[PDB]
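Visitor: A single structure is presented below for examination.
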Amino acid sequence: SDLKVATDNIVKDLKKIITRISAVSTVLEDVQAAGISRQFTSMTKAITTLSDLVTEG
Amino acid sequence: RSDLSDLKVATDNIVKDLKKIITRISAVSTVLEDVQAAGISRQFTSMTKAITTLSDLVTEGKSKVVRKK
Amino acid sequence: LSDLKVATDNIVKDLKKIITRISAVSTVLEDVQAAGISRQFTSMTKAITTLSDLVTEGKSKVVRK
Amino acid sequence: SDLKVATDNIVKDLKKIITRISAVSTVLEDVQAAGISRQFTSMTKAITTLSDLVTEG
Amino acid sequence: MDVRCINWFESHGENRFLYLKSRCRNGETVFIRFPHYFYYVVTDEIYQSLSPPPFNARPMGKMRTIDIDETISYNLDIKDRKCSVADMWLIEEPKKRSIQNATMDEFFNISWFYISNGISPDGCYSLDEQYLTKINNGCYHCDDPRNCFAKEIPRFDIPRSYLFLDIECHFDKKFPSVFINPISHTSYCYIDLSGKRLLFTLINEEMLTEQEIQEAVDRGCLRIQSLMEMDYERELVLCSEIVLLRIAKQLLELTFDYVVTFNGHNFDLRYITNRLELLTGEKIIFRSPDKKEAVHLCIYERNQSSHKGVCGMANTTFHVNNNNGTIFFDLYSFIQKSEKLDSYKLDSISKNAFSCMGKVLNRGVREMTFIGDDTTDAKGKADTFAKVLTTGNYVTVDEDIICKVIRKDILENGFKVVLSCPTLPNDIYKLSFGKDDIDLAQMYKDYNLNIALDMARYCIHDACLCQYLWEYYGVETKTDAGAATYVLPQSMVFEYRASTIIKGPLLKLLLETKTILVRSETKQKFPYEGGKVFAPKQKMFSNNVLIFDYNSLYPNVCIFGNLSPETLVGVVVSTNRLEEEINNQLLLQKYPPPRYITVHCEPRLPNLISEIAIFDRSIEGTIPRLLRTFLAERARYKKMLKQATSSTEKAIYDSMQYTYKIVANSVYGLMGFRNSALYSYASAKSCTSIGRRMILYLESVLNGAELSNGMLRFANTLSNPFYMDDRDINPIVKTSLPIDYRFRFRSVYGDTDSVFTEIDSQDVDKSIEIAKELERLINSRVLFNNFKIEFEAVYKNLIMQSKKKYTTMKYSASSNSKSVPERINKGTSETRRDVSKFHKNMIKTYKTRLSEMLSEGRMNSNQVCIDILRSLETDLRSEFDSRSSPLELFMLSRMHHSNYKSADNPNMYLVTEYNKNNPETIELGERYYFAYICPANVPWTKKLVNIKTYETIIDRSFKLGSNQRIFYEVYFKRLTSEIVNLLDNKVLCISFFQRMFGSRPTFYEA
Amino acid sequence: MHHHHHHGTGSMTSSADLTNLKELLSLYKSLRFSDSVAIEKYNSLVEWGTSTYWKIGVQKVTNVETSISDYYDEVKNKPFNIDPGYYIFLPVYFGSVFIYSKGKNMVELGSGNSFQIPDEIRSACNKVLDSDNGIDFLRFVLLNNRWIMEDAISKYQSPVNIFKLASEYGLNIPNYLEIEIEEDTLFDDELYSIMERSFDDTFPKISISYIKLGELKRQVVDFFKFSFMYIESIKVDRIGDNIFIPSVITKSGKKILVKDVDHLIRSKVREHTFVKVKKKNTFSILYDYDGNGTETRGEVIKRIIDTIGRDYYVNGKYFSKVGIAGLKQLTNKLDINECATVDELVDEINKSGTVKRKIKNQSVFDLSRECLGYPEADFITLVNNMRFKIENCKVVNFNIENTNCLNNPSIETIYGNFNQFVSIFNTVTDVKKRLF
Amino acid sequence: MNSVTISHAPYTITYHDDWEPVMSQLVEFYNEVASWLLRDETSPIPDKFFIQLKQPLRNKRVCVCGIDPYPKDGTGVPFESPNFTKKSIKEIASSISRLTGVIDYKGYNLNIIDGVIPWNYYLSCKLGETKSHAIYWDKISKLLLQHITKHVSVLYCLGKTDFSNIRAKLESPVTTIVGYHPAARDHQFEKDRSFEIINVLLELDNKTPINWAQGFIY
DNA sequence: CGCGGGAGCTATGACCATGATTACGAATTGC
DNA sequence: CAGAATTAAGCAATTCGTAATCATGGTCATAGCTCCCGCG
Ligand SMILES: Cc1cn([C@H]2CC[C@@H](COP(=O)(O)OP(=O)(O)OP(=O)(O)O)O2)c(=O)[nH]c1=O
Ligand SMILES: [Mg+2]
C-alpha cells in the first residue's frame, strides 16, 4: 500500500502544517491571510479533483 | 520557532511548504488518474475516509484565516 | 495529414503531461522514502532503465541534422 | 503494486509515442525537432532525478 | 342687578385693567372694569420677607406643599414626599415682580382672578351695586369682586348679538393681493339686541358701469354715497369701495358679542382693515368700555409650536386685537382644532356639516326635485339643511356632482329643493352644501351686474354659512361650557389647548384641596409603554362581535389607584431579580394593599428590570379628583346628549362629551408630557400599566367564557389583578337570561380599553341583549370601584385588515336587528386624510365585492384572486388611459407644519416653494390639498423613486395643465398594496405587484 | 389675547442660558475626552439649544471615538534629531490609558466607558482639577491595579508644577526629569535606554512623551522591534486581593506583560501560538492588536478560563479567583479592622463614622457585589436569570431558571461562588438592619 | 453689485451679488406694495430703503434684526443715528460698553462691524408710527430674511413681541436669538447678555466671533 | 544544459452597480 | 419715554416614502503560475 502510506505522510505533514498555522494565525496580517486563504482555496480545489477521481474513477 | 522577528519569513516558509503540499496533492491525483486508466480493480472506501479527514483538516486550517472585518 | 503542424502540436502537448506524471512518480516515491517504510526498487529500476534507453534511441532518431 | 503498473502504463504510452515518432520521422523540420530535443533533454533530466531517487537507497 | 357674563377681556397699557362683558335682563350691555393685577402665592415667612409690601394680600389658609419630583429608589425606603403645610398669602401686585421661591406660577392671573374671587366665567350674577362704580354709560368699576359677585343666580336667556361675515375679492390672478385687488362684496348678518337677523351685502360700484348701477337701482338695490345713507334693512346695497369700507369699519367697531368669520382673521378682516388703511387711511378703532385706551384692528399672527419631535411651529391661528369685548371668532381655526377633515376650506366644512339624505318626488330633464324630512334622514338634519337652504345656492349630490338650486321652498319639518341635476335612478341621495363648481376668476374677468348679484348670493351664503356652522357646532354653548369648566374667558376658550384648560379647574381644586405643587429638580423624559393592542384573531368575522368599552379608562385608572404626582409615594426600581424579590416582599409588608397600590411597570432605564410605582390612596390626589370633575362634566353633557332629539343638538352634545373625554385623557397625557408642570412619569406609566393589566384582565376573563343554562362562566377567576379585594372572585355568575341561550364568547381583538368579544351567535337582537347582560354582569362582578364598561356595538362583517384598522357594520345598544346598521370605518382608507377619494371609492367597492364573494362562499380563493385582480387590472388601465375621473378625487392632503427633523424635508420644501410662487401663503396648521403630478408624456412607471418630487399642491383655482397629468402609478401602488393586504394567495399578489409596479408588495404579518 | 405673544419666547438672552451655552461650547471642545455623563450633558445642552435657538452649529452625538490624538502626535518608531530647547520627558506606561475629564469622572481611551475607581484617588484627582481649571484632562494609566498620573495636558500651566502638587495630594507620579538639549543629537536607543534608567520607576514604561515649552502639542517617541514569540503557558499573578493580572509566559522563559483582561481577549492569546510583542532590552510589551482568528469573544473567554482555571473569572480588567468568603473579605473591602463576628463588625462601623456613611449611602447588593469583587454587568446578568426565595431581605434559597448565561464562564464561576455571595449578602443585610 | 429698475420712487435700487437670487421676486412685491406705501411719509427716505441691499452676505455671519426703522429720523441703516439721540442704539452701545469694556465713544454703528449686518425686518415705517408699514413689508421682509438667514449663521432679533413669529417668518433653520428690544421697559435689554450669546453660538458653528468693539464711533 | 524574457490562463480579492431589507421620520388614526 | 406680557396631552400601530445598509452578482486588477521560446 504505497498510495496509503503516501497519503498518510501527506496528512501527517499537513497536520503539522495546520498546527503551525494555528500557531501563527492569530496575528497574520491582511496580505498574509489573503495569500494563505488563496492557497487554502487552492487546497479545496485540489481535494475536489482528488475526491472526483476517487468517486467517479 | 522561538522569538522570530517578523512573520514574513515564517509565512513565506509556510507558503513554500504549502506549495510543496499542493504540488504533491496534484501529483498523487495525476498518478491516481494513471492507475485508474490502467484498469486495475481497486477499492477506495478507506481512501474516501482519508480524503474526508483531509477535507475536515483543511477546513479547520482554513476557517481561522478566511475573513477580515 | 498535411503540413504536419497538427502532428507537432499533438506530440508537444502530451510530453508535458508525461513529464508531469514522471515528476508525480518521483514525488510519490519521495513521499514513500520519507514515510520510513522499507522498500526495494529493483523492477522499477529495470523499468526506468528500459524507458531511458528507449528515450535515448528515440532522441538519436529525432535529430534535426 | 500500483506504482509498478503505473510505470508499466507509462512505458506502454511511451511505446506508442516512440512508434508514432518513428512513423512521422521521415520529415520533422528543424525548429520543432529542436523543441522536441529540448523536451527529451528535460525528460532525461527528470529520469536521471528519478534514478537518483531509486538508487540512493 | 342681574347680569350674565358674555365675555371677559383684559386691556393693557397705561393703567392695566380687566373687563367683563355682561348683559342684563332688559337687554342693556353692561361692562364691569376690574383691576387686573398679577397673582403670586408665597409662604407666610416669605410674605413677611418682602420688604416692599404688596398692594393687596388676603389669606389663602394653611395649604400643604408637595414637591412633585420622581426619584427612583433602588432601596425600598423612600423619603416621604414633602408635605410642608404653611399659611399662604395671595400676593396681588399691579406690576409684575419676581419673587424668590414663589409658588403656583403656572396659573394665569385671570384664573386666579376667577377662583380667588369666586367668579365662574360662565355664570349669572346679581351684582352688589355699591361695589360697582360708574365710569360712564354702560361701564362700571368693581374694586372688590368677592363681595359683589357673591350671588350666583341660575341661567337666564340673554339677547346675544352677532355679526357673521365673509367678503369676496377680485382676483384676476390666482388669489387676491390687498394692494392691487379690490373688494367685490362684503356680506353681513347683523343680529342685534332686538334679535332680528338683517342679511345685507354691500356691492362695489367701481366694478360696474353706471348703466349697470342704475340697472341695479331699477332692480331694487340701494345706491348710497355716504355712511348716513346706508340702510341695514336693504338686502343688496350698491356703494363705492370706500363707503363699503367705512360701513365695514363702523360695523366692526360696534360692541357685538361675537363677530364670526370663516378664514376671516386671515383673509376677510385683514383685507378689510388693510384696504381701509389703503384707500382712506382710516383704521378700525376698537375702544375700551371706559373709552380710556383705543386700539386699531391689527390681525396678529399667533403660532403654536408642536410638543413632539423638534418642537417646530405646527399651527398658526389669526386673531383680532380687540378690547371692546367682542369675541372676534374665526371659525376656520375652531373647526381646525375641533374637526378631523381632509381640508378645512369652507366648502369642505359644508360638505361634512350639512349632509342630508334626500328623497325624490319629481324628476325632470334638467331639474331634479329633492325632498328631505324626518323620515328621509335623522330628526333635525332636515331643519339644518333647510336653514342653510334659506341662503344656499349650490347643493352637491352624493359628494360627486354639484347642482345649482333652481327654486327654494322651506317646509315646516324639512326642505324642498329643485336642483339643476341630471336624471338619476335612485330615490335617496346624499345632499351637501359644499362647492359652487365655478371659476370665480373667470366671472371676475367678464364682470357684469348678473354676475355681481350671483356672487352677492354666494357671498351672503358664505356669511350666513358662518351662522349655520355657528349653530351646527353650537359654538356659543361650547364657549359657555368651556368657560365654566376650564375657568377661562369666553374669548380664551378654544384658543388654548389642553395644558391651559386643565389649569382652571386645577386651580379651583388646589384651592379647594388646600394643596400646592412645586418642583425642585428638572423633569426627565423616558419612553414608557402605552395601552396594549392585541393582534386580531382572524381577518373576517362572519360571526357577531360584541364591543365592551371602559367608561373613561385612563381617568378611571387615575381615580382608582390615586395616580397623581402628589400621591406617588415613590418609585422602587431594581436592576436585578434579587433586590426585585427583596423589594417585592418588603413592599408588600411596608405598604398595605388597600391604602397603597403597587403598579409593576415597565423600566425607564435599560439596566433596571422592574419599576414599581407606589401611590397613596388615603388622601385623594389632584389629578384623580380633577378627573372626577372632568368626568362629571362629561357625564352631564352625556346625559344632555341622551335627552337630545334633534341631530344638530345631538352632534353638539356628542362633541361636548367627546371634548370632555379628550380633556380627561389630557389630564392623563400631561403626566406623560414632560414640559407640563403636572408631569409625572410614574403616574402616566403606571396609568398605562394599570390600563394594560385591566385590558389583559377583561380579555382573559372574556376569552374562553361560555354561557350555559342561564349561567355565565369565565375562563379565569374574577380577581382584582393588583391586590386581594373584598368582592367574590367566582367566575360562575348568575344571569337574567333564558336557560336555552348557550353561547360561547372569545376575545378576538383588543385595542386600549376595547375588547372585541366574538359571540358565536349571528342573531343581532339576541347578541345585543345578551351583551347588555354581559355589560351588567362585568360591571357588577368582574370590574371593581370606578371601573365600568358599556356595550357599545355589535360588529357584523368585521373586516380587520390589521391592528387599529377595521371595517364593520355597527348595531348600537339602542338599535335593534331590524334597525339599519351604521358602517363604521376605523383607521381604514376611508378614514385617513392622506388617502385620495378615488382610493376610498375603490376600497369601498372592492370591500363590498370581497365581502359578497366571501359571504356567498360559492367561489374558491385562488380564482377570486384571479378575477378581482383582473378587475383591478381593467379598472386601473382604464383610469390611466381614459383619465375620466377629475383631479379632486385624486387630491391627498396633509397638515402644513414646521416640526421637521430634517432641514431639507420635501413636504416643507414643497409648501415653501408654493408660498414663494403663489399668492396663497399656506399658513402653519393649514390643511392643503396636494396631488402627485407628472408630465403626461411620461409612460407607466415601473420602479418608483423621487415620489415626493412629483407632489404638487392643489388649489381650488388650480387647474391641471394639458402637459401635466395625475401621477396615477403611486396611487395605484397604494391601492394595490391595500387590496393584496385584504386578500389571500400571496405569491400571485407578489407577481402581480411586481409586474405592475416593479416591487414587492407590503404584507401584514399577524 | 395678543398679550400672551404671537409665540412665547424663552429668555435665551439671560445670563444663565449664556452659562449653558458656554458649557455647551466647553463640552463640545471636550467631546473626544469626555465620559458618557458629559456626553449626555452635551446632548442635553444640544437639545436645549435646539429647542431654544432654532439652529445650533453642533449636533447630537450617538457615539464619540474617545481619542486624544489631537494633543498627541504620531509615534516615531525611528531615531530622530531633537531640537534645542527645554523638554519634559515623561514615561508612558504599559497599562490602559485613562483620562480624567473636567466632569470629575474617569474616561477610558478606545471605549469611553467610566471605570469605577477608589474614593481617595478620585478625591485627589478632583482636588487637582480644583487647583487648575485650565487642565483639559489628566492622562492616567491603569497597570497592576495602580493609577499612575502619566501627564497633565493643560492650556496654560506646565505639568511639572502639576506633578508635585499631585504627589502631595496622594497621586502616583513617575520619577521624571526635565533637561535641556544642548545640540542637535540623534535621539537613539542608547540615550533612550539611559533616559529609561533615569526614570526611577519600578513599573513598566513602554515609551517616552516629551513636551516642548514653545509648543503645547506633545509627541510620544518609541523605539522597539516587533517580535512574534511562541507561548508556553498563560498565568495570572495576584496584584491585589481577589485581583489578578493576566500574564503570558514564552517557551524561552521571558514573560510577556499583558495590559488587562480585554487585551488578552481582544488579541486572542492562546497557548502554543504566536503573539505580537514589542521587544525591549528590559521587558516585553504585548501589542494592542485585534486577533485574526474566527473564534468569537465568548469562546475566547471559554478557552482562557479553561486554560487558567474554572474558579477564575473575568472581573473587568483583571481576573479574579473565587473562594470561601467571610467577614475577612468584607472588612478588607470596607478598609476597616479585621473582625471575628457580625456584631463586632456592626460596632466598629458605628465607631468609624465615615464607614457608617458609606454603608448607609450604597445598597446591600452593591456592597456584597463589591466585597467579593464581582463585575457590574456580568453579575447583573447572572442574577437576572435567577429566582430567589427570601426571608427578611436574606437569601434562604437561590435557583436559576435559564441556563443560557451559564455558557459564559465568568457567570458560571460566579454561580459557583453564589453560596458565598449569599453568605456575605445575609451578613451585610444583618449589618444594615442592626445599624439602621 | 447690480441695480434693478423699480417703477416707483426708489427707481434704482442697488443690490450686491449675494442678494441676486431674491431680487426678481423683490421687484415683483415692491411694484405692488410701493404705490400704496409711498403715500405716507416714510421715516427713512425711499431712496435709502435698500442701502443694506448693498451689503454683501458672504462675509456676514450674524444678522441683527429690528422690526422696523425708528419712527423719526430713519437713516435707512438699522440702528444708526449720527446725532445718537435714539434710545435703541444708546442701549445697544451701553450693552456693548459692558461687553467690550469701552466707556469712551460718540456713537455706535452696526453697519461698520465685520460679520454683522444690521437689519430692519420691515424696511420702512410712517413718521411717528411703529410697525405702520407692516402690511406693505410683510412679503418683502419675509423674502429678504429668508435670503439673509441662508448666508448668516446667527440671527439676533431685537423684539420679544415683534419677533415671536420669526420661526414662522423663516422656514430654513438658522440660529435665532429673539432678544429683548433696547427700548423695551424694565431695562430687560440692560439685563440680558445676548451679545456674548451671539459670539458663543458662532463659536459653536466654528465661525469667527464678532468683535463688537468695531461698532463704536470715536 | 540552464535560467531569463515573455505571454497566456486562471482563480481570487477588491470595487461597484442593482435590488432587496430595514431603520427612520412623517402623516394619520385609534385609542 | 421708547415693548412685554408662556404654551405645549400620552403612546400604539399602520402606511408610505426616503435613505442608509446589506445580499448578490458583474467586472476588473492581480498575483499565482505555468509553459514557450530563447541565448549564452
Ligand atoms: C381618545 C383618547 C383616548 N386615550 C386613552 C385614554 C383611555 C383609553 C381609551 O379611551 P377611548 O377612546 O376608548 O374612550 P375613553 O376615554 O375610555 O371614554 P369612553 O370609552 O368614550 O367612555 O385611551 C388617550 O390617551 N387620548 C385620547 O385622545
Ligand atoms: Mg373608553
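Chain identifiers are assigned as A, B, and so on, following the order in which chains appear in the C-alpha cells; residues are numbered from 1 within each chain, and ligands are numbered from 1 in order of appearance.
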Once chain A is fitted to chain D on all Cα atoms paired one-to-one in order, how large is the remaining RMSD?
Guide: 0.7 Å
Visitor: Any residue with an atom at most 12 Å from ligand 2 counts, using only C-alpha atoms (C1' of nucleotides) and all ligand atoms. Which are they? Put them as an NGL selection string.
Guide: (:E and (531 or 547-557 or 631 or 658 or 661-662 or 664-665 or 691 or 694-695 or 751-755 or 787-792)) or (:H and (30-31))
Visitor: Can you write just those residues out, C-alpha atoms (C1' of nucleotides), as a short mmCIF file (atom, residue, chain, number, x, y, z; two decimals), in the first residue's frame?
Guide:
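Listed below is the output, part02.cif:
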```
data_model
loop_
_atom_site.label_atom_id
_atom_site.label_comp_id
_atom_site.auth_asym_id
_atom_site.auth_seq_id
_atom_site.Cartn_x
_atom_site.Cartn_y
_atom_site.Cartn_z
CA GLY E 531 -52.04 50.85 26.18
CA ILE E 547 -67.72 45.59 21.87
CA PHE E 548 -67.04 46.40 25.52
CA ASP E 549 -65.70 49.90 26.13
CA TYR E 550 -64.46 51.17 29.50
CA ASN E 551 -66.07 54.38 30.74
CA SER E 552 -63.06 56.76 30.53
CA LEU E 553 -60.40 54.10 31.10
CA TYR E 554 -57.29 56.16 31.88
CA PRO E 555 -59.29 58.66 34.03
CA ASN E 556 -60.78 55.70 35.93
CA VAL E 557 -57.26 54.28 36.27
CA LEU E 631 -65.94 63.17 34.01
CA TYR E 658 -66.06 63.90 23.27
CA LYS E 661 -63.28 62.84 27.21
CA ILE E 662 -60.34 64.34 25.28
CA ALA E 664 -59.76 63.96 30.66
CA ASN E 665 -57.32 61.92 28.57
CA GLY E 691 -54.89 50.05 31.79
CA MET E 694 -57.18 45.88 33.05
CA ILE E 695 -57.46 45.15 29.33
CA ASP E 751 -57.38 47.94 21.46
CA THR E 752 -56.89 50.08 24.56
CA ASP E 753 -59.99 49.51 26.78
CA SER E 754 -62.00 47.94 23.92
CA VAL E 755 -62.06 44.14 23.94
CA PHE E 787 -64.39 50.84 36.55
CA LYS E 788 -67.45 50.45 34.33
CA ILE E 789 -67.84 49.31 30.74
CA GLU E 790 -70.55 49.99 28.18
CA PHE E 791 -71.73 47.63 25.49
CA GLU E 792 -71.33 50.00 22.55
"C1'" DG H 30 -57.02 54.65 17.27
"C1'" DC H 31 -57.07 54.80 21.46
#
```
Visitor: Near range 1-9 of chain D, counting only C-alpha atoms (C1' of nucleotides), which residues have an atom at most 9 Å away, once you skip same-chain residues fewer than 6 positions from it, shown as a ChimeraX atom specification?
Guide: /A:1-3 /B:31-32,34-35,37-38,40 /C:22,25,28-29,43-44,47-48
Visitor: Taking C-alpha atoms for each residue, export the selection above as a compact mmCIF listing (two decimals), in the first residue's frame.
Guide:
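Produced file selection-v7.txt, reproduced below:
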```txt
# COMPACT_ATOMS: atom_id res chain seq x y z
CA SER A 1 0.00 0.00 0.00
CA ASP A 2 2.33 2.73 -1.27
CA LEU A 3 -0.61 5.03 -2.02
CA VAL B 31 -0.89 9.37 -10.75
CA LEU B 32 -4.31 8.25 -9.46
CA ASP B 34 -2.93 6.89 -14.43
CA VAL B 35 -3.70 3.95 -12.14
CA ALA B 37 -6.69 4.46 -16.62
CA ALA B 38 -4.60 1.29 -16.19
CA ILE B 40 -6.73 -2.36 -12.16
CA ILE C 22 7.14 11.42 -14.16
CA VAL C 25 6.02 9.32 -9.66
CA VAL C 28 5.17 9.83 -4.60
CA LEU C 29 8.48 7.95 -4.34
CA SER C 43 11.88 -3.90 -11.02
CA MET C 44 11.28 -0.15 -11.01
CA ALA C 47 11.59 -0.25 -15.99
CA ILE C 48 13.30 3.14 -15.70
```
Visitor: What's around residue 10 in chain B at 9 Å? Count only C-alpha atoms (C1' of nucleotides), leave out sequence neighbours fewer than 6 positions away in its own chain, and write the answer as a PyMOL selection string.
Guide: (chain A and resi 24) or (chain B and resi 1+4)
Visitor: For the selection you just gave me, I'd like the residues written to a file as a CSV table (one decimal), in the first residue's frame, keeping N, CA and C atoms.
Guide:
```csv
chain,number,residue,atom,x,y,z
A,24,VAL,N,0.6,30.6,14.1
A,24,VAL,CA,0.9,31.9,13.5
A,24,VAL,C,-0.4,32.7,13.2
B,1,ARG,N,11.7,29.0,15.6
B,1,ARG,CA,10.5,28.6,16.2
B,1,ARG,C,10.2,29.5,17.4
B,4,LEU,N,10.9,34.8,16.8
B,4,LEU,CA,11.2,35.2,15.4
B,4,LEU,C,10.7,36.7,15.3
```
Visitor: Could you pull out the strand (DSSP E) residues of range 6-195 of chain G from DSSP and send them as a PyMOL selection string?
Guide: chain G and resi 12-15+62-66+107-108+116-120+154-158+175-179
